[PDB]
Amino acid sequence: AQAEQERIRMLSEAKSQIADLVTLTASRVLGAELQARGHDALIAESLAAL
Amino acid sequence: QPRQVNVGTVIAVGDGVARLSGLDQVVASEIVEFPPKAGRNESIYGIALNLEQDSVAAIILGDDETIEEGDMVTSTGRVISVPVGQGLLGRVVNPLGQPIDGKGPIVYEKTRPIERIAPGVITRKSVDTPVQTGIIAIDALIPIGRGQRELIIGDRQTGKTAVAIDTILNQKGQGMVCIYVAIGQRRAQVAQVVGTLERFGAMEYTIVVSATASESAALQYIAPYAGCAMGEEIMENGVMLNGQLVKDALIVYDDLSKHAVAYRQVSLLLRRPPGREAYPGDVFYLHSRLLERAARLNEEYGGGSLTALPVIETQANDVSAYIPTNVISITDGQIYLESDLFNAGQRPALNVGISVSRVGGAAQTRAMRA
Amino acid sequence: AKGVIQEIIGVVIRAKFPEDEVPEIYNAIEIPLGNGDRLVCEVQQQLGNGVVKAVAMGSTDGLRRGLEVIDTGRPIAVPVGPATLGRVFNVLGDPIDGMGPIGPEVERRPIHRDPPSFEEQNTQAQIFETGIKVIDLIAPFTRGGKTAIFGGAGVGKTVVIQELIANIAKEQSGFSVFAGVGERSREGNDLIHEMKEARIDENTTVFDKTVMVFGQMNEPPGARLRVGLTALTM
Amino acid sequence: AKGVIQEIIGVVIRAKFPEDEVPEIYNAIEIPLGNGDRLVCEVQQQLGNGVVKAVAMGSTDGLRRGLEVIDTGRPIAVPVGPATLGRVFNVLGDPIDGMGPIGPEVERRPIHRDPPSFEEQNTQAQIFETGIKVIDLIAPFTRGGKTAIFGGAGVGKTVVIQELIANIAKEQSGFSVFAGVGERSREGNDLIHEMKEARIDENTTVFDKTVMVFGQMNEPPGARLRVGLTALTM
Amino acid sequence: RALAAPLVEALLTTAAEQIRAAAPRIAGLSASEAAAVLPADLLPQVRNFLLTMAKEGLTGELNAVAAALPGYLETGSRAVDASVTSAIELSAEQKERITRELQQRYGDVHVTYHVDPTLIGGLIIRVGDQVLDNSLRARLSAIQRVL
Amino acid sequence: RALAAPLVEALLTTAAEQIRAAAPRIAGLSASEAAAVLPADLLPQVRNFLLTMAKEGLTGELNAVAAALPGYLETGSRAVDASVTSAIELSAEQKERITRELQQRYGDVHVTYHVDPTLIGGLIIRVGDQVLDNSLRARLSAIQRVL
Ligand SMILES: Nc1ncnc2c1ncn2[C@@H]1O[C@H](COP(=O)(O)OP(=O)(O)OP(=O)(O)O)[C@@H](O)[C@H]1O
Ligand SMILES: [Mg+2]
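Chains as they are written, first to last, in PDB author numbering: chain Y, 111 to 160; chain B, 23 to 392; chain D, 3 to 236; chain F, 3 to 236; chain W, 8 to 154; chain S, 8 to 154.
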C-alpha cells in the first residue's frame, strides 16, 4: 500500500513538473512573439475596462 | 478576463505582520494576495485583521521574509475560506486547504468560509447517539455523544494524543468522519500520527489539518477554524463514506493551548492590548466561537452532528490557569489525564473522580447505560 | 443621523458621525448589511470630534471602512409585553425561535433603565413562597432577592427551575423570565426548550409561561453583556 | 545599499536605506567599523520609508549614529561541506581556531532555510545505547530522533552531556556537530576540545569528525540567537 | 470671497514661483551653508519656510512644494497619480495616446510609466488604489493554475 | 500637497492677519487711498489684495476676504462655535447684525442660533469657552438677593 501511495505521489509530482515545464515553454514562446511583433498591439486592450 | 482589484502597498512588514496602507473597501477578514514578484513565483496570502484608519494590519499566512516594503497587495474579495467536500478525506492539508502530503491536488467544488456563526439556537437537538471511543473508562464513566464537545485535558505527556487517536481509529464502521487538526505540533509528530492512522486503515475517513510549529502563527491561529468548517460541511451536506451519506464528524483539535499561544503571538505582533497572562482579552471568545460550532442539528436542518475533542496540556497539573479554565467552561465535559495515574500502571490515566461528562447517560447505549 | 465607519478591530467599531448629530453613550448604531439584515452595535465611548467607539454585537467579518451607520437615537429597544411571552429572543430582542417576528404594535422599551429609587424599596425583608420544603426551610428566598445555585449537570437544576416557574405561575400570576448568559447552546437550548415544552401544568406548558433570552458563548462579548439587561427589561 | 545608521538601541540598529534598495527581512548588512574589520548585522524588521531594524550580533558599543551600512543582499552565509569538519566557527561562519580561513571554493549556504517538508519526515527510530542506566532504561536515547535534558543550575547537565559525547562519539558511524549557544567557554568548550582531540578513532580523532559552532555566554544576544541556526546549516 | 479667491491664487502663484526659483538656491546646503544661498527671491514667511527646510538640507523636493502651491489653490485632489507598466518601453506616441485615454477620471493624470520587462506584452494600470492587470503574465498564472 | 501645509498655511495666516489688522484703518478707500493707508511692508499678495478691494470699493468686504484667507491654506474647521441664544426668534438681518458684531472674535466663525424661550430679552453669547449672559441673569440675581 505504501508503494502504491508513493507511485501515486510520483505520478502527481510528474504531472506538476510537466505543467511547470509547459508554463515555462509557453512563457518563452510568448516572450519571443512579443519581441517579434511588439507589445504595442496590446495597448488597445487598455480601453476594455479603464 | 481583466478585472479591477484594490491595491495597497506594504509599508511595514515585520514578524509575520504587514501594514498594508491604502486598501480601502476591504472586508474585515479578506485574503490579501501579495502577487508574485521578482524572486517569488508563488503568492503568499494574508488575513486583513485590523482595519484601522489609513492602515490595514494583516497577519501573513506563510513566510514573511519574502514580503518587502513597497510591495503591492491585491485584495481578493473572498473572506478566508477553506475547500471542503469528499475530496479531502484521506488527505493532509495545511489550514488553507493546500495538500502537504504531495499526493496530488485537492479535488473540490465548494469552499466554506471559516469563522462562521454558530449552527443555531433552536437548530440543535439533544445528544443521544453515542460516540464509541473504544476505551472502557471513557465509554462507561465519561461518555461522549455525537454533538458533544469533550475536552481532553492533562499534563505534557499523559496520553491525550493517544486517547484522541484511539477514538479516531475506533470509528471504522460507525459512520463517522474524523478530522485531526494539529496546531503547533512538530511535523515529525504529525507524520507519526498520519502513519498510525494509515497503519490501521483509518485514513479513508480522516482529514488531517496540520499547521506545524515552524509555520507562521497566522496558520496556527486559523488551523482549528479550518477543519471546523470542514466538519460543518460534513454535518450539513454529508460525504459518501463506504457508500453511505455520512453526516457525522468528529474533530480533534490537537492542542488548543498552542492555538491560544498563536493567537497571543498574532495579537501582540498587532500591538493589541494584552490581558491576563499576556493573552488577548477575547480569547475565551476565541475558543467559544470554535467549540460552539460543534452541534447536533435537528432533523429539520439535516440531522447531522459535529463532535469536538479539544486537547489541552497543563503546566504542573494547574487546571486553574487561564486557557484551561476557559476551555473547561466552554466544553460539555472533561477527561483528566494525570501523570501520577499514568505512571502507576493506569494506562488510559483518566482521573475518573474529577472527569465529568455533562451529557451523561444520554450519550450511552442502553446496554452500557444499564 | 448617518455616520461612516472609520476603524474595525475585532468586535469594536469606531464610527465618525456629523458634528451636531453624535449618538449618545448607549445608543444603537445599526449598521446595514447588503443582504437585507442589519448589524446593531451599541455605543460605548463618545470621543474625539463626532467619533464614537461601539461594541459590534455581531461578527463584523464583512464590513469595510466606509459603510454608513444609522444612529437609532434610543438605546437597544427590546419588545416588551404579553406578546413577548413563551418566545425565545436574542440580545437585540429579535425572536430567534421558529415562529414569526414580533408585530410592530408591541411596545419597545429601552434596554437601559434606572433601578427603583430608595423610597420604593421595601423596609422589611419578606420570604418568597416557593413550595419546595428544603428550599423554603433551609435557604428561604427573598421577595425581590437573589439566589445562586452551585451545581453541575444531572443534579436536577433544570427541573428545579421548571418547578419554580410552575409554582409561581400557579400560586401567584407568576410569569417567569430566563436569561441564558454565556451558556452552552446544547445545555441552554434544545435541552431547556424541549424539557420546558414537555413539562406541563394545568394543561399549560411551562414554556408557555416563560420568556427566554439567550446570549450564548458563540455570540460576541457585547451580546453576552446586554442579554441580562434585555431579560431585566422584559 | 549604502544606508546610514539612525538609532543604536542596545544591539538593535535602525538604518535608513534608499527607497528602492531596502534590504529584505533576513538580509545581512555590514558596518565598515574601520580598522579593516566590519560588524555584520541581520535585518529583522522593515519599518517604513527605507528604515530597517537589524540585530548587531556584535559589540555595537563603539559606533555612532550616521555611520554607513552596506547591504550585502543575502542572508548570513556559512561554509558547508567537508572543509568545515574539524574546525570551530562563529555565528557568522568565520573560523576562530588557529587554522586559516575557509577558501572561496567552499560552498556558502544561508543560515535561514525552510525546514524539511511533511513528505521528507522520517518517523523510523531505534534505541541508541548510551551506557547510562537511567537514560537507557527510563528515557531511552533515540537514534534519529530529538531528545533533551531539562536541568536546573546546580544539576549536572554539562557532566551528562560530556559523558554522552565520550560514550557515543568514538563509534559515530558519521560526522558530528556541536553548537555552544550561551554556555561557559571554560567547560562548555575548550575542554570539550581537550577531550575531543584526545579521543582517537583509528588514528583519526573525534575532533576530526566534528563541526563546532560556538557563540557562548560572552557573546551579545545576536550571536547566541543565530549560532544555533548556523550549526543547523552546517 | 471673490477678493479672497484672487488673493489666495496670487499668493499661491507667488509661492510656487519662489519655490521653483529658490528651491535649488538652498538645496542640500545646510543651515549655515544655505543661509548665504538664501536669496531675496521669497516672501519673509517663504524665506523662513525655506530656511527651515534647508536647515536639515532636505531642500530637494521643494519643486514638489511648488507643485503643491498651485493645487492648494484649488484644494488639490487632482493628483490622481496613476502608474502604467508595460513589457516594452513605451513609445512617445502610444504613451501620449494612453495618457489621453485614461481621461475617465481626471484626464492626463500623474502617470509614471514603468517597464518591468518581466511582464509579457500587457498593461498594469494602477489608478489610486484600483489596479487593472491585463498583462499576459497575469493570464500566464491564470492558466498555470492547472498545476 | 503635504509639503504645502507649512508654507502655504503660514502665508495664508499672515495674509489674513494683515487684512484683518488693516481692516480698521483701510475702510472705504481706493487704490491710491488704501495704498497710502494699508502698509506696503506686508506680503506682495497682501498689499495687492488690500488695494484691489478698495479700488473696486469692496474694501468693507476685504476683512471678510481675510476670513476666507486662512481657509484657503487650511482645513478651515477651527471656526469658533459662537452660539447665540435669544428668546425672540431672530430675523435674517438680526443674524447678520450678530455675525457682523461677532467677527471681532476670530472672524465670522461657525455661529449657531437657539431660542430658549424662557429667557427674557437679551442674548447669551458663547464664544469658544467664554459665555456672556445678559437675559435672565438679572431676575435670578434679584431673587438671590431677595432670598
Ligand atoms: N496504553 C496507553 N495509553 C496511552 N498512552 C500510552 C499508553 N502506553 C503508552 N503510552 C504513552 O503515550 C504516548 C503517546 O503520546 P501521548 O498521547 O502521551 O502524547 P501527548 O499527550 O500529546 O504529549 P506530547 O505533548 O508530548 O506530544 C506513548 O509514546 C507512550 O509514552
Ligand atoms: Mg498531543
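All C-beta atoms in this analysis are idealised placements derived from N, C-alpha and C, irrespective of residue type, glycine included.
**Item:** Collapsed DSSP secondary structure at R117/Y in the structure displayed
**Value:** Position 7 of the first sequence, counted from the start, is the residue given in the question as residue 117/Y. The DSSP-derived three-state label of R117/Y is helix.
**Asked** Where does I202/F land, buried or exposed, given buried means 16+ other C-beta within 10 angstroms?
**Response** The residue you call residue 202/F lines up with position 200 of the fourth sequence. When all chains shown are included, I202/F counts as exposed.
**Asked** Is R112/W close to chain B, meaning its C-beta is less than 8 Å from at least one C-beta of that chain?
**Response** In the fifth sequence, residue 112/W corresponds to position 105, counting from 1. Output row for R112/W: interface = no.
**Message:** Counting only beta-carbon separations shorter than 8 Å, does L80/S have a partner in chain W?
**Reply:** Numbered from its first residue, the sixth sequence carries residue 80/S at position 73. Yes - at least one Cβ of chain W is within 8 Å of the one on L80/S.
**Request:** Count the other C-beta atoms from every protein chain shown that fall within 10 angstroms of the C-beta of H281/B, then say buried if there are 16 or more, exposed otherwise.
**Result:** In the second sequence, residue 281/B corresponds to position 259, counting from 1. The residue is buried, with at least 16 neighbouring Cβ atoms inside 10 Å.
**Item:** Neighbourhood of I205/B by C-beta, 8 Å cutoff - its chain only, sequence neighbours within 5 removed
**Value:** Position 183 of the second sequence, counted from the first residue, corresponds to residue 205/B. Shown here for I205/B: same chain residues with a beta carbon closer than 8 Å to its own, the five before and five after excluded, namely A233, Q242, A245, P246, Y275, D276, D277, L278, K280, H281 and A284 in chain order.
**Message:** In whole angstroms, give me the CA-to-CA distance for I31/F and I89/B.
**Reply:** For the purposes of this step, residue 31/F is identified with residue 29 of the fourth sequence, where counting begins at 1. For the purposes of this step, residue 89/B is identified with residue 67 of the second sequence, where counting begins at 1. Taking C-alpha positions only, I31/F is separated from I89/B by approximately 18 Å.
**Message:** Considering only DSSP beta bridges, list what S327/B is partnered with.
**Reply:** By one-based count along the second sequence, residue 327/B stands at place 305. Under DSSP, the beta-bridge partners assigned to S327/B are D270/B and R318/B.
**Request:** On a CA-only basis, which of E91/B, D93/B and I128/B is nearest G109/B? Give me that one, please.
**Result:** Counting from 1 along the second sequence, the entry for residue 109/B is found at position 87. The shortest Cα separation from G109/B among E91/B, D93/B and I128/B belongs to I128/B.
**Item:** Cutoff 7 Å; reference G230/D; Cβ partners in own chain excluding five residues on either side
**Value:** For this step, residue 230/D is matched to residue 228 along the third sequence. Excluding positions up to five away in sequence, the list reads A181 and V183.
**Request:** Name, going along the chain, the residues of the stretch 44-68 of chain B whose beta-carbon falls closer than 8 Å to a beta-carbon of chain W.
**Result:** Result list: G44, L45, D46, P58 and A60.
**Request:** Note down, in chain order, each residue of its chain lying with its Cβ closer than 7 Å to the Cβ of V134/S, except the 5 sequence neighbours on either side.
**Result:** As a working note, residue 134/S is residue 127 in the sixth sequence. For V134/S, where only same-chain residues beyond five positions count, the Cβ hits under 7 Å are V87, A89 and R112.
**Prompt:** Since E143/Y contacts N141/W with CB under 8 Å, what's their CB separation in whole angstroms?
**Reply:** In the first sequence, counting from the first residue as 1, residue 143/Y sits at position 33. In the fifth sequence, counting from the first residue as 1, residue 141/W sits at position 134. Incorrect: roughly 16 Å between the Cβ atoms, too far for contact.
**Message:** Just to be sure I understand the criterion: a residue counts if its Cβ is closer than 6 Å to at least one heavy atom of ligand 2. Which residues meet that?
**Reply:** Every residue whose Cβ sits closer than 6 Å to any heavy atom of ligand 2 is listed here in chain order: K182/B, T183/B, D276/B, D277/B and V333/B.
**Prompt:** Hey, does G128/W have any beta-carbon neighbour from chain Y nearer than 8 Å?
**Reply:** Against the fifth sequence, residue 128/W aligns to sequence position 121. Closer than 8 Å: yes.
**Message:** Just to make sure I have the definition right: I need the residues of chain W whose C-beta is within less than 8 Å of the C-beta of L131/Y. Which are they?
**Reply:** Here residue 131/Y corresponds to residue number 21 of the first sequence, with the count starting at 1. Chain order gives no chain W residues near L131/Y, where near means a beta carbon separation below 8 Å; the closest approach is about 11 Å.
**Request:** Anything in chain Y within Cβ reach of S93/W, meaning under 8 Å, just list it in chain order.
**Result:** In the fifth sequence, residue 93/W corresponds to position 86, counting from 1. The contacting residues are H149, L152 and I153.
**At least three beta-carbon pairs within less than 8 Å, the stretch 286-299 of chain B to the stretch 323-340 of chain B** = Segments in contact, no.
**Request:** Kindly confirm or deny that the stretch 27-35 of chain S and the stretch 61-75 of chain S touch, where touching means at least three C-beta pairs closer than 8 Å.
**Result:** In short, these stretches touch, since the Cβ pair count reaches three.
**Message:** Is it buried or exposed, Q126/F, if we count other Cβ atoms within 10 angstroms and call 16 or more buried?
**Reply:** By 1-based counting over the fourth sequence, the position of residue 126/F is 124. If you draw a 10 Å sphere on the C-beta of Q126/F, you find fewer than 16 other C-beta atoms in it, and that means exposed.
**Asked** What alpha helix (DSSP H) runs, 4 residues minimum, are completely inside the stretch 46-125 of chain B?
**Response** Note on the stretch 46-125 of chain B: there is no whole alpha helix (DSSP H) run with a minimum of 4 residues.
**Request:** Sort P13/W, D48/W, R54/W and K102/W by Cα distance to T59/S and report the nearest one.
**Result:** Here residue 59/S is taken as the residue at index 52 of the sixth sequence, counted from 1. Taking only the C-alpha atoms, the option nearest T59/S is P13/W.
**Message:** Quick check on DSSP: helix, strand or coil for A30/S?
**Reply:** Taking the first residue of the sixth sequence as position 1, residue 30/S is located at position 23. Of the three classes helix, strand and coil, the one that applies to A30/S here is helix, per DSSP.
**Asked** Hey, is the stretch 185-193 of chain D in contact with the stretch 126-146 of chain B, meaning 3+ C-beta pairs nearer than 8 Å?
**Response** Using a C-beta cut-off of 8 Å, the stretch 185-193 of chain D makes contact with the stretch 126-146 of chain B, since at least three inter-stretch Cβ pairs fall below that distance.
**Request:** Mind checking the stretch 90-103 of chain D against chain B and listing, in chain order, the residues whose C-beta falls within less than 9 Å of any C-beta there?
**Result:** For the stretch 90-103 of chain D, the set of residues with a beta-carbon nearer than 9 Å to any beta-carbon of chain B comprises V90, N92, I98, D99 and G100, in chain order.
**Cβ separation of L160/Y and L109/W, assumed to be a contact under 8 Å, to the nearest whole Å** = Mapped onto the first sequence, residue 160/Y falls at position 50. Mapped onto the fifth sequence, residue 109/W falls at position 102. Taking the Cβ atoms as the reference, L160/Y lies roughly 6 Å from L109/W, within the contact range of under 8 Å.
**Request:** Below 8 Å between beta carbons is the criterion; list the residues of the stretch 103-123 of chain F that meet it against any residue of chain B, in chain order.
**Result:** Taking 8 Å as the cut-off between beta carbons, the residues of the stretch 103-123 of chain F near chain B are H114, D116, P117, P118, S119, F120, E121 and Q123, in sequence order.
**Message:** As a quick exercise: from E185/D, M236/D, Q164/D and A233/D, pick the residue whose alpha carbon is nearest that of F209/D.
**Reply:** Stepping through the third sequence from its first residue, residue 209/D is reached at position 207. Comparing Cα positions, the closest option is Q164/D.
**Asked** Going by the C-beta, is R178/B closer than 7 Å to any heavy atom of ligand 1?
**Response** As a working note, residue 178/B is residue 156 in the second sequence. Yes; taking the cut-off as 7 Å, the Cβ of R178/B has a heavy atom of ligand 1 nearer than that.
**Asked** Tell me which same chain residues have a C-beta within less than 7 Å of the C-beta of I10/D, skipping the five on either side of it?
**Response** Here residue 10/D is taken as the residue at index 8 of the third sequence, counted from 1. Counting only Cβ-Cβ distances below 7 Å, and skipping sequence neighbours, we find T62, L65 and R67.
**As assigned by DSSP and simplified to three states, the class of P97/D** = Counting from one through the third sequence, the residue named residue 97/D turns up at place 95. The three-state secondary structure of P97/D, taken from DSSP, is strand.
**Asked** Can you name, in chain order, every residue of its own chain whose Cβ lies under 6 Å from the Cβ of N169/F, other than the five neighbours on each side?
**Response** Taking the fourth sequence and counting its residues from 1, the one referred to as residue 169/F is at position 167. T132 and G133.
**Message:** So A94/S and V122/S are supposed to be a Cβ contact under 8 Å. How far apart are they, rounded?
**Reply:** Along the sixth sequence, one-based indexing puts residue 94/S at 87. Along the sixth sequence, one-based indexing puts residue 122/S at 115. Yes, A94/S and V122/S are in contact; Cβ-Cβ is about 6 Å, under 8 Å.
**Item:** Heavy atom of ligand 1 within 7 Å of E360/B beta-carbon
**Value:** By 1-based counting over the second sequence, the position of residue 360/B is 338. Checking the Cβ of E360/B against ligand 1 gives no.
**Asked** Is there at least one Cβ from chain B nearer than 8 Å to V122/W's Cβ?
**Response** Here the question's residue 122/W lines up with position 115 in the fifth sequence. Judged by the 8 Å Cβ criterion, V122/W is not in contact with chain B.
**Asked** Can you give the beta carbon distance from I113/D to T232/D, rounded, assuming they're within the 8 Å contact cut?
**Response** Taking the third sequence and counting its residues from 1, one reaches residue 113/D at position 111. Taking the third sequence and counting its residues from 1, one reaches residue 232/D at position 230. Sure, about 6 Å apart at Cβ, within 8 Å.
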